[PDB]
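Below is one structure, written out as structure tokens, with a few remarks after it.
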Amino acid sequence: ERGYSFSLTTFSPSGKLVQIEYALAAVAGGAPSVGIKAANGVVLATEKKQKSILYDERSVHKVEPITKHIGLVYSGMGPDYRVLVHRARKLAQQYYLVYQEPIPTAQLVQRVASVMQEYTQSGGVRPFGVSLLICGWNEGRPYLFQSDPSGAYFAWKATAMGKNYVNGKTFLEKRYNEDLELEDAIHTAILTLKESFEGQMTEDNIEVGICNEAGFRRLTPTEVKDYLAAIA
Amino acid sequence: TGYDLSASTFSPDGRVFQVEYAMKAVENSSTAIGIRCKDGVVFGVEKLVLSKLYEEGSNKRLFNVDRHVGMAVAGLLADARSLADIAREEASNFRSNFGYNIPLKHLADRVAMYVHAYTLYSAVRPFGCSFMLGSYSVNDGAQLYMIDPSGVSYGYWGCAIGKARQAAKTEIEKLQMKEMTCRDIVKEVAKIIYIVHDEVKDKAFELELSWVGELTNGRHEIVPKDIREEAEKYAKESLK
Amino acid sequence: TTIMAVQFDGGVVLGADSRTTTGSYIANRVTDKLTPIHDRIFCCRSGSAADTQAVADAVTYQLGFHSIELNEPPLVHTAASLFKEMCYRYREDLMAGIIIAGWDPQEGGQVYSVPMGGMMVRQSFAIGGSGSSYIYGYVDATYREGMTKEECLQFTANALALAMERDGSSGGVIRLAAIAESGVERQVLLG
Amino acid sequence: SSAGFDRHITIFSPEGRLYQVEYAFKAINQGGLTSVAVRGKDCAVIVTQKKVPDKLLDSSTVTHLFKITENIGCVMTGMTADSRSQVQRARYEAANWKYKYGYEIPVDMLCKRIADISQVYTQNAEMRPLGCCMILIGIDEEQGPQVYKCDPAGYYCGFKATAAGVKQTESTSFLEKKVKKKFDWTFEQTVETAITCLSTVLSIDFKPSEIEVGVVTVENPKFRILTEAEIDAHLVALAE
Amino acid sequence: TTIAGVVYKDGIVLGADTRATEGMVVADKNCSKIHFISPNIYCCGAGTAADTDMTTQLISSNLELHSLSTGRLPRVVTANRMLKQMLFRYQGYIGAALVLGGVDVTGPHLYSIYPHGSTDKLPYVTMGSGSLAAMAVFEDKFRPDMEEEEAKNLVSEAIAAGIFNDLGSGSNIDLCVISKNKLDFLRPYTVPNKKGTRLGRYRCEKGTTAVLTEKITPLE
Amino acid sequence: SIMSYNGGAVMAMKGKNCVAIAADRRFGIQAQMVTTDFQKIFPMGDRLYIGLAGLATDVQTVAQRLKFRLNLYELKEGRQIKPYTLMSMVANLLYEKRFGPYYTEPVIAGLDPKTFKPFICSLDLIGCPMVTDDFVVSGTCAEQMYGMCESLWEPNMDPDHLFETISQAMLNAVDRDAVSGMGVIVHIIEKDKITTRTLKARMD
């Protein structure tokens with residue numbers, strides 16, 4: 001190219017960055033999701049509806065593993081999601097080649113947020129449109145983090161992203177507590193996912209991954225049919 | 001309109017006007033036609049004299065890409081010269097890397113992808129040229145190709161590029177070209193050029209005929225029309 | 001190591017020993033010295049093992065990509081041209097004894113020779129390898145123009161068996177291949 | 001809502017939209033074409049019409065069925081120049097799989113790598129996002145046949161019956177009305193639904209010389225383009 | 001250093017020894033020479049010890065990257081193609097002699113890799129310094145499609161032939177049995193060499209060593 | 001050799017719940033000594049040390065590069081470093097100079113930061129790690145140190161007899177070496193405290 005390298009983001013006279021606040025609007029207009037940190041594990045659940053009766057549901061996955069104890073979901077736009085996944089995979093192995101030890105979940109979010117930072121400040125590119133929820137059970141205690149296209153990150157007990165997140169903000173505040181089991185957490189994660197779903201919730205409209213201390217695992221539709229088998 | 005400065009932007013209905021604008025710059029160029037017989041390809045260019053100080057064979061639009069491939073350009077002449085040097089250079093690498101002559105079906109693919117790359121970026125513009133590609137082989141017969149400024153390239157039996165694109169192929173298609181020899185084609189190309197617009201809004205023109213096929217033993221060269229002068233002896237008989 | 005290639009009217013016939021040695025020890029007792037490139041073009045390789053394996057994978061990548069573009073079966077002369085480009089450029093770095101043979105729709109059977117220098121030449125029959133010098137005077141007193149396929153399978157089998165009997169780096173088992181318009185007939189022989 | 005340069009380049013608008021990519025979704029529709037893919041059985045069927053408006057224009061150099069590898073074939077919609085450059089990357093990166101990894105590329109893995117190239121054109125600016133679409137077929141061992149579809153936005157999916165071109169909303173309404181009952185798919189049922197869905201949406205009842213059929217089956221897993229004769233054999237078979 | 005492998009009727013048995021020397025001095029009495037690659041593929045190392053360690057972790061990193069992106073079980077020919085293409089680029093400067101084995105969808109596959117980049121597919125291989133002694137047991141006592149315990153007895157016999165040749169080991173014969181479903185990994189499979197007992201009195205006294213300067217620093 | 005240019009000897013030994021490490025004190029060019037207070041044992045956090053031997057250039061250079069990477073590690077993570085993590089860190093640093101290698105051979109000794117578990121390992125000059133359960137040695141006088149440790153080591157030893165064993169091993173082996181000596185320093189660490197003693201050696 002010509003080699004311009006000028007950034008597309010500058011300060012308002014009020015002092016706000018306009019484009020990053022626009023990218024958060026595209027995050028809120030995505031598919032809803034929920035994550036709940038329980039006493040023994042972390043539960044992630046999202047809401048996957050095909051637009052037709054033709055689409056296969058065993059092809060694309062939403063709950064996505066990073067390492068064998070770290071998973072990752074999103075609420076935003078699908079195509080921008082696959083970039084940072086493949087980025088975070090290669091980034092996790094670079095830790096493992098140096099230190100010969102699987103990366104802790106706190107250290108992974110340190111580096112992935114710096115990647116999403118770099119597309120805001122640099123030249124000619126726009127930021128992402130994808131927020132994340134990152135989970136894992138490293139060193140006994142499990143973890144649940146959220147990143148955003150601004151580059152910041154937080155640490156949630158239980159939160160929701162996507163459409164109607166202010167409804168799931170209130171519902172999880174009244175439903176969650178200090179401790180549960182993993183099985184109680186999946187029960188209240190579907191009950192908050194049943195808040196904004198369609199008329200019928202099947203084994204294929206939702207898609208759930210968990211974090212045991214034995215490792216990360218996403219659930220097959222055998223269990224999710226048997227778990228939503230009239231358990232609320 | 002107001003969306004048509006760069007070639008990197010879309011219109012609100014989904015097209016690129018910078019490609020649309022460059023196509024109808026070729027439309028103002030003089031007519032050059034092409035036609036293939038059962039054992040060769042015959043080119044033909046209506047070329048008009050600038051004033052008088054043209055020196056009878058200057059700045060010709062019949063190029064010579066390879067041993068057996070040549071062009072029949074029309075449009076911006078200087079833009080076609082640089083584009084012809086891409087095709088000259090492309091056939092040399094195929095010779096050096098594979099040891100035999102370039103197939104015409106593959107040569108048109110390599111050029112059209114290079115034309116395609118100027119239709120994407122904002123730093124460059126699309127080409128303002130369109131041209132023909134003719135060749136002949138004993139293992140493949142004769143082929144005739146056609147490349148627009150957008151990069152769309154596929155094969156014809158006869159074609160025309162210029163002002164009278166429609167007005168020439170109206171009477172190309174009334175020829176039984178599947179069984180004619182190319183020596184019979186040469187006097188038939190001569191009338192099609194001479195039918196459309198000899199000196200109506202212009203003053204004078206001059207005819208150029210390129211020539212490849214089995215009679216040239218696979219070579220590509222200009223006709224000997226200084227020999228026998230049979231084009232103008234036969235095209236000017238259509239006065240009645 | 002001894003490799004062999006004879007053309008006939010229909011196609012070509014290839015042949016080799018195995019015995020991949022290292023100094024005076026046989027590392028591999030049985031070895032595919034002949035390698036497919038396309039469906040009708042083989043090569044038999046000699047010289048360094050790690051060099052000729054690396055070259056043959058690159059030519060298969062280039063020729064296999066080249067024919068899908070043309071939607072045509074490749075020429076045998078096109079395949080022999082690609083080995084010449086890598087061997088002449090990366091000479092002083094490789095020790096390759098490639099012989100390319102195979103049937104072609106345009107031209108029938110062909111045999112090409114690419115020795116360690118980097119030159120290329122077409123021959124009626126071509127041999128190569130370390131133990132090629134021993135049968136080297138047998139082959140031109142026995143060769144006869146206008147053989148059939150079954151004579152050439154008999155011709156190369158007796159030709160390879162003399163070097164395999166004699167040369168210490170050669171021997172093992174005879175691997176043969178017949179390439180024609182119909183198919184590829186590969187067989188393992190001892191005798 | 002034009003704010004800054006959101007109607008021109010790839011930046012976010014208010015309300016989270018971005019308009020240049022969703023201008024590309026109807027950049028296909030200037031082609032004037034419709035393609036249909038059907039997976040029903042141990043086979044997979046592509047069908048797409050051609051449009052030949054000229055007698056001078058050839059017949060073999062038109063077909064949009066493109067052979068990627070021996071087991072993978074594809075069909076292209078949208079504009080022609082962006083489509084053929086897209087196939088160049090698909091042919092190229094399928095051979096890099098075989099060179100790097102030592103076996104044949106899956107049809108699922110190839111549609112990812114194509115969609116990631118369309119991602120960077122969406123992500124980075126001053127780079128035009130390739131207004132064309134691609135549908136693949138192929139046989140996967142221990143998985144059966146598959147049909148995939150890649151967007152200019154980089155969104156891919158894989159599904160049973162696929163319509164692309166101008167008439168998605170009419171054809172996909174018909175395919176759900178057809179594939180709701182799990183009828184037996186015996187490789188003649190697959191072609192018969194692939195033909196008669198397009199024959200009702202366009203309402204043509206066509207001659208055997210307008211369409212093509214690409215096919216792959218687990219009895220001959222090579223990609224295979226049907227002949228003009230055997231297209232007529234399936235056509236008179238559904239003539240009731 | 002003696003490593004060997006075999007292909008029986010269902011899977012692959014790998015074997016190795018447990019000595020690393022420096023010069024002609026035994027540096028390690030127990031060194032793990034069978035390396036992890038994937039849950040179906042393992043690899044034995046010979047040659048430069050640090051070159052085999054850093055190489056076998058890089059490819060094990062990329063196959064974990066490749067299979068997790070693909071979503072299915074890796075292939076042994078993928079691990080072969082990565083190794084032979086890496087080692088050819090270094091022109092044999094990286095001294096690594098490898099035995100590669102695993103069970104794919106297609107079945108068991110055994111390879112041997114030389115540090116210049118030449119590979120061979122064989123039903124049984126031996127590598128290392130004591131490879132000549134171990135190939136004696138194979139070439140005498142191999143028959144195709146053996147059973148489970150017949151194959152484990154053969155490899156443990158072939159490794160033991162190299163141990164009682166020089167540069168053998170402080171013998172702890174290792175075995176890794178790879179099958180279509182079951183995976184085994186046995187570090188102390190056979191211990192033939194026992195160090196004799198110490199028969200002397202070595203009475204040490206709390207104060208038989210003179211100290212010039214002492215120093216105490218507490219902790220928490 | 002280049003390893004025999006300055007001499008040196010580093011020994012580590014595992015006890016019951018404690019671990020000991022020792023080194024000599026002599027610095028000198030090939031035959032001429034210079035000083036008797038050259039540090040070869042460096043603290044890397046609490047209850048975890050490292051010892052270096054070989055070319056005295058690369059002894060001081062690697063100990064500064066490793067300290068550079070350690071402090072950046074212990075600030076991105078609030079925890080301290082584990083002993084296995086340091087061994088993987090050092091082997092990465094040595095293998096980067098694969099063809100320009102540092103002429104040193106490290107020895108790492110320390111306890112677990114959470115539990116009481118001791119740890120010893122040593123590396124080559126290009127980074128082949130090697131964990132043991134009894135002792136590791138490095139330096140020019142390697143073979144003298146193997147002969148003492150194979151006879152004097154016992155499995156489960158209090159910090160009293162662990163001190164006397166590594167003292168008798170280092171004093172007798174180094175006096176047989178020519179280019180090593182001039183004093184021996186001993187660190188014996190445990191869960192509660194760290195004891196550093198210097199021994200009465202032959203100064204010849």
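In the structure tokens, chains take letters A, B, ... by order of appearance, with residues numbered from 1 within each chain and ligands from 1 in the order shown.
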Legend entry - DSSP-assigned strand (DSSP E) among range 77-143 of chain D, expressed as a count of residues only: 11
Legend entry - Residue list (alpha helix (DSSP H), DSSP) for range 69-181 of chain F, as a ChimeraX atom specification: /F:69-76,83-96,142-152,159-176
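Between CA of residue 11 in chain F and CA of residue 207 in chain E the interatomic distance comes to 20.9 Å.
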Within 12 Å of residue 1 in chain F, counting only C-alpha atoms, which residues show up once you throw out same-chain ones fewer than 3 positions away? Write them as a JSON list (two decimals) with N, CA and C atoms, in the first residue's frame, please.
```json
[["chain", "number", "residue", "atom", "x", "y", "z"],
["F", 4, "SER", "N", 37.85, -25.24, 31.53],
["F", 4, "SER", "CA", 38.99, -25.31, 32.43],
["F", 4, "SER", "C", 39.78, -24.02, 32.47],
["F", 5, "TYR", "N", 39.18, -22.91, 32.07],
["F", 5, "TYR", "CA", 39.91, -21.65, 32.03],
["F", 5, "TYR", "C", 39.94, -20.98, 33.39],
["F", 6, "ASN", "N", 38.89, -21.14, 34.19],
["F", 6, "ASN", "CA", 38.83, -20.56, 35.52],
["F", 6, "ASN", "C", 38.53, -21.55, 36.62],
["F", 7, "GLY", "N", 38.12, -22.77, 36.28],
["F", 7, "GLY", "CA", 37.77, -23.73, 37.30],
["F", 7, "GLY", "C", 36.42, -23.43, 37.92],
["F", 30, "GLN", "N", 44.09, -19.09, 34.33],
["F", 30, "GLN", "CA", 44.42, -20.52, 34.20],
["F", 30, "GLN", "C", 45.27, -21.13, 35.31],
["F", 54, "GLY", "N", 31.83, -22.55, 35.53],
["F", 54, "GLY", "CA", 32.32, -22.56, 34.17],
["F", 54, "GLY", "C", 33.12, -21.32, 33.86],
["F", 55, "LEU", "N", 32.86, -20.72, 32.71],
["F", 55, "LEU", "CA", 33.55, -19.50, 32.34],
["F", 55, "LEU", "C", 32.98, -18.34, 33.14],
["F", 103, "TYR", "N", 29.18, -20.59, 28.17],
["F", 103, "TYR", "CA", 29.99, -21.67, 28.73],
["F", 103, "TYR", "C", 29.76, -21.72, 30.23],
["F", 140, "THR", "N", 34.68, -28.40, 36.94],
["F", 140, "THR", "CA", 35.82, -29.09, 36.35],
["F", 140, "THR", "C", 36.10, -30.39, 37.08]]
```
Legend entry - Option closest in space to chain D, from E:158, E:3, E:82, E:54 [counting only C-alpha atoms]: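 Looking at the shortest contact to chain D, the residue is E:82.
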Kindly assemble as a Markdown table a list of the chain D residues that lie within 10 Å of chain E, each paired with its nearest atom pair and their distance in Å to one decimal, using only C-alpha atoms, sorted first by chain and then by ascending residue number.
```
| residue | atom | partner | partner_atom | distance |
| --- | --- | --- | --- | --- |
| D:98 | CA | E:78 | CA | 9.8 |
| D:99 | CA | E:81 | CA | 8.4 |
| D:100 | CA | E:81 | CA | 6.8 |
| D:101 | CA | E:78 | CA | 4.9 |
| D:102 | CA | E:78 | CA | 5.7 |
| D:103 | CA | E:78 | CA | 7.7 |
| D:106 | CA | E:70 | CA | 9.3 |
| D:108 | CA | E:70 | CA | 8.7 |
| D:109 | CA | E:70 | CA | 7.0 |
| D:142 | CA | E:105 | CA | 10.0 |
```
Legend entry - Residue list for chain E near chain F as a count of residues only, 10 Å, only C-alpha atoms: 40
Legend entry - Point-to-point distance from CA of residue 140 in chain C to CA of residue 11 in chain C, Å rounded to tenths: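 Spanning CA of residue 140 in chain C to CA of residue 11 in chain C is a straight-line distance of 19.9 Å.
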Inset, instruction - Counting only C-alpha atoms, collect the residues of chain C whose closest atom lies at most 9 Å from chain E, and write them out as a count of residues only. - result: 8
Legend entry - Contact residues around residue 26 in chain B with only C-alpha atoms at 7 Å, ignoring same-chain residues under 4 positions, as a ChimeraX atom specification: /B:74-75,128-130,162
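Near chain C, the residues of chain B that fall inside 9 Å (using only C-alpha atoms) are residues 96, 97, 98, 99, 100, 103, 105, 106 and 139 of chain B.
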Proximity check chain A to chain B, 12 Å, nearest pairs one decimal Å, only C-alpha atoms, as JSON lines:
```
{"residue": "A:1", "atom": "CA", "partner": "B:123", "partner_atom": "CA", "distance": 7.4}
{"residue": "A:2", "atom": "CA", "partner": "B:123", "partner_atom": "CA", "distance": 7.1}
{"residue": "A:3", "atom": "CA", "partner": "B:123", "partner_atom": "CA", "distance": 10.5}
{"residue": "A:4", "atom": "CA", "partner": "B:123", "partner_atom": "CA", "distance": 11.1}
```
Legend entry - chain A contacts to chain F at 7 Å (only C-alpha atoms) as a ChimeraX atom specification: /A:98-100
Proximal residues of chain A relative to chain D (only C-alpha atoms; 7 Å) as an mmCIF file with N, CA, C and O atoms, in the first residue's frame:
```cif
data_model
loop_
_atom_site.group_PDB
_atom_site.id
_atom_site.type_symbol
_atom_site.label_atom_id
_atom_site.label_comp_id
_atom_site.auth_asym_id
_atom_site.auth_seq_id
_atom_site.Cartn_x
_atom_site.Cartn_y
_atom_site.Cartn_z
ATOM 1 N N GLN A 19 -15.760 5.938 18.446
ATOM 2 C CA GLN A 19 -15.891 4.680 17.720
ATOM 3 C C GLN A 19 -15.972 3.483 18.650
ATOM 4 O O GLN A 19 -16.658 2.505 18.332
ATOM 5 N N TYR A 22 -19.365 3.081 19.764
ATOM 6 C CA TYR A 22 -20.195 2.505 18.716
ATOM 7 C C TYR A 22 -20.018 0.999 18.631
ATOM 8 O O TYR A 22 -20.973 0.284 18.319
ATOM 9 N N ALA A 23 -18.809 0.502 18.897
ATOM 10 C CA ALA A 23 -18.563 -0.931 18.803
ATOM 11 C C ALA A 23 -19.252 -1.690 19.924
ATOM 12 O O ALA A 23 -19.588 -2.866 19.757
ATOM 13 N N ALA A 25 -22.207 -0.944 20.906
ATOM 14 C CA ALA A 25 -23.582 -1.092 20.455
ATOM 15 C C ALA A 25 -23.754 -2.348 19.619
ATOM 16 O O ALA A 25 -24.800 -3.001 19.690
ATOM 17 N N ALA A 26 -22.739 -2.708 18.836
ATOM 18 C CA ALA A 26 -22.797 -3.945 18.073
ATOM 19 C C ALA A 26 -22.657 -5.170 18.961
ATOM 20 O O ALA A 26 -23.089 -6.257 18.570
ATOM 21 N N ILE A 53 -34.649 -24.058 8.987
ATOM 22 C CA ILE A 53 -34.630 -25.484 9.305
ATOM 23 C C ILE A 53 -33.556 -26.226 8.537
ATOM 24 O O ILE A 53 -33.439 -27.449 8.677
ATOM 25 N N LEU A 54 -32.770 -25.524 7.728
ATOM 26 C CA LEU A 54 -31.779 -26.154 6.873
ATOM 27 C C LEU A 54 -30.407 -26.236 7.514
ATOM 28 O O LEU A 54 -29.638 -27.141 7.180
ATOM 29 N N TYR A 55 -30.097 -25.332 8.441
ATOM 30 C CA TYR A 55 -28.747 -25.199 8.970
ATOM 31 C C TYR A 55 -28.374 -26.369 9.868
ATOM 32 O O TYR A 55 -29.160 -26.797 10.715
ATOM 33 N N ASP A 56 -27.165 -26.884 9.675
ATOM 34 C CA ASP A 56 -26.650 -27.926 10.547
ATOM 35 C C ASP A 56 -26.111 -27.297 11.823
ATOM 36 O O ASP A 56 -25.539 -26.204 11.803
ATOM 37 N N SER A 59 -21.842 -28.231 13.030
ATOM 38 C CA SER A 59 -20.747 -27.687 12.236
ATOM 39 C C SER A 59 -20.024 -26.557 12.958
ATOM 40 O O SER A 59 -18.818 -26.637 13.199
ATOM 41 N N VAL A 60 -20.747 -25.507 13.312
ATOM 42 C CA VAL A 60 -20.186 -24.346 13.993
ATOM 43 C C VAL A 60 -20.441 -24.510 15.482
ATOM 44 O O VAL A 60 -21.502 -24.997 15.887
ATOM 45 N N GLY A 78 -20.191 -12.949 14.707
ATOM 46 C CA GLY A 78 -19.534 -14.208 14.436
ATOM 47 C C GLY A 78 -18.188 -14.199 13.732
ATOM 48 O O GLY A 78 -17.257 -14.865 14.188
ATOM 49 N N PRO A 79 -18.057 -13.505 12.587
ATOM 50 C CA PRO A 79 -16.769 -13.546 11.875
ATOM 51 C C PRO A 79 -15.593 -12.925 12.615
ATOM 52 O O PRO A 79 -14.488 -13.470 12.531
ATOM 53 N N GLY A 124 -5.661 2.878 10.657
ATOM 54 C CA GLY A 124 -6.511 2.463 9.564
ATOM 55 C C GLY A 124 -7.473 1.334 9.850
ATOM 56 O O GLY A 124 -8.360 1.082 9.030
ATOM 57 N N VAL A 125 -7.341 0.645 10.972
ATOM 58 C CA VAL A 125 -8.213 -0.477 11.275
ATOM 59 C C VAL A 125 -9.261 -0.050 12.291
ATOM 60 O O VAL A 125 -9.081 0.906 13.049
ATOM 61 N N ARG A 126 -10.379 -0.752 12.290
ATOM 62 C CA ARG A 126 -11.408 -0.514 13.286
ATOM 63 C C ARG A 126 -11.241 -1.498 14.433
ATOM 64 O O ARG A 126 -10.525 -2.494 14.307
#
```
Inset, instruction - Please measure the separation of CA of residue 144 in chain B and CA of residue 36 in chain B, giving the value in Å to one decimal. - result: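 Going from CA of residue 144 in chain B over to CA of residue 36 in chain B, I get 6.9 Å.
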Inset, instruction - Compute the set of chain D residues within 8 Å of chain C, using only C-alpha atoms, and express it as a list in words. - result: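 Listing them in order of chain and number gives residues 67, 68, 69, 91, 92, 95 and 99 of chain D.
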Selected residues, N, CA and C atoms, written as an mmCIF file, in the first residue's frame, please.
```
data_model
loop_
_atom_site.group_PDB
_atom_site.id
_atom_site.type_symbol
_atom_site.label_atom_id
_atom_site.label_comp_id
_atom_site.auth_asym_id
_atom_site.auth_seq_id
_atom_site.Cartn_x
_atom_site.Cartn_y
_atom_site.Cartn_z
ATOM 1 N N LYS D 67 -13.475 -26.839 -10.584
ATOM 2 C CA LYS D 67 -12.901 -27.997 -9.918
ATOM 3 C C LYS D 67 -11.759 -27.529 -9.032
ATOM 4 N N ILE D 68 -11.978 -27.536 -7.721
ATOM 5 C CA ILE D 68 -10.933 -27.119 -6.795
ATOM 6 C C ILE D 68 -9.856 -28.183 -6.695
ATOM 7 N N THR D 69 -10.233 -29.360 -6.217
ATOM 8 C CA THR D 69 -9.309 -30.473 -6.120
ATOM 9 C C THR D 69 -10.046 -31.647 -6.759
ATOM 10 N N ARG D 91 -7.724 -23.031 -4.845
ATOM 11 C CA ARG D 91 -6.828 -24.006 -5.454
ATOM 12 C C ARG D 91 -5.450 -23.960 -4.816
ATOM 13 N N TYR D 92 -5.000 -22.771 -4.423
ATOM 14 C CA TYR D 92 -3.646 -22.615 -3.912
ATOM 15 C C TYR D 92 -3.516 -23.182 -2.511
ATOM 16 N N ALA D 95 -3.613 -27.019 -1.883
ATOM 17 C CA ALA D 95 -2.371 -27.732 -2.137
ATOM 18 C C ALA D 95 -1.342 -27.482 -1.051
ATOM 19 N N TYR D 99 0.844 -30.310 1.053
ATOM 20 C CA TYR D 99 2.288 -30.225 1.192
ATOM 21 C C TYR D 99 2.710 -30.146 2.651
#
```
Legend entry - Expected answer as a ChimeraX atom specification: chain D residues within 6 Å of chain B, only C-alpha atoms: /D:23-24,26-27,56-58,61,81,127-128
Export of prior selection with N, CA and C atoms as a compact mmCIF listing (two decimals), in the first residue's frame:
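Output saved as result.txt:
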```txt
# COMPACT_ATOMS: atom_id res chain seq x y z
N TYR D 23 -23.59 -3.66 1.89
CA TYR D 23 -23.74 -3.33 0.48
C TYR D 23 -23.24 -4.45 -0.41
N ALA D 24 -22.29 -5.25 0.07
CA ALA D 24 -21.77 -6.34 -0.74
C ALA D 24 -22.72 -7.51 -0.84
N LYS D 26 -25.86 -7.44 -1.58
CA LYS D 26 -26.58 -7.25 -2.83
C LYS D 26 -25.66 -6.78 -3.95
N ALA D 27 -24.35 -6.97 -3.79
CA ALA D 27 -23.45 -6.89 -4.92
C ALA D 27 -23.39 -8.18 -5.70
N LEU D 56 -22.05 -15.78 -31.13
CA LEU D 56 -20.60 -15.68 -31.27
C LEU D 56 -19.87 -16.10 -30.01
N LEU D 57 -20.55 -16.08 -28.88
CA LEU D 57 -19.97 -16.43 -27.59
C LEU D 57 -19.91 -17.94 -27.46
N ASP D 58 -18.81 -18.44 -26.89
CA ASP D 58 -18.59 -19.88 -26.83
C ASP D 58 -19.47 -20.53 -25.78
N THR D 61 -16.50 -22.19 -22.38
CA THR D 61 -15.78 -21.24 -21.55
C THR D 61 -16.71 -20.37 -20.71
N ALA D 81 -15.30 -11.36 -12.11
CA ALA D 81 -13.89 -11.07 -11.91
C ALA D 81 -13.47 -11.32 -10.47
N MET D 127 -9.25 -1.76 1.39
CA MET D 127 -9.13 -3.06 0.75
C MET D 127 -10.55 -3.55 0.46
N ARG D 128 -10.85 -3.75 -0.81
CA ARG D 128 -12.23 -3.95 -1.24
C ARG D 128 -12.70 -5.37 -0.93
```
Legend entry - Spatial neighbours of residue 46 in chain D, 12 Å, only C-alpha atoms, chain gap at least 3 places, as an MDAnalysis selection string: chainID D and resid 34:40 43 49 64:66 72:76 134:138 146:148 160:164 190:195 198 211:217 223:226
Legend entry - Within 12 Å of residue 133 in chain C using only C-alpha atoms, minus same-chain residues under 3 positions, as a list in words: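 The residues satisfying every condition are residues 1, 2, 3, 127, 128, 129, 130, 136, 137, 138, 139, 159, 160, 162, 163, 164, 166, 167 and 170 of chain C.
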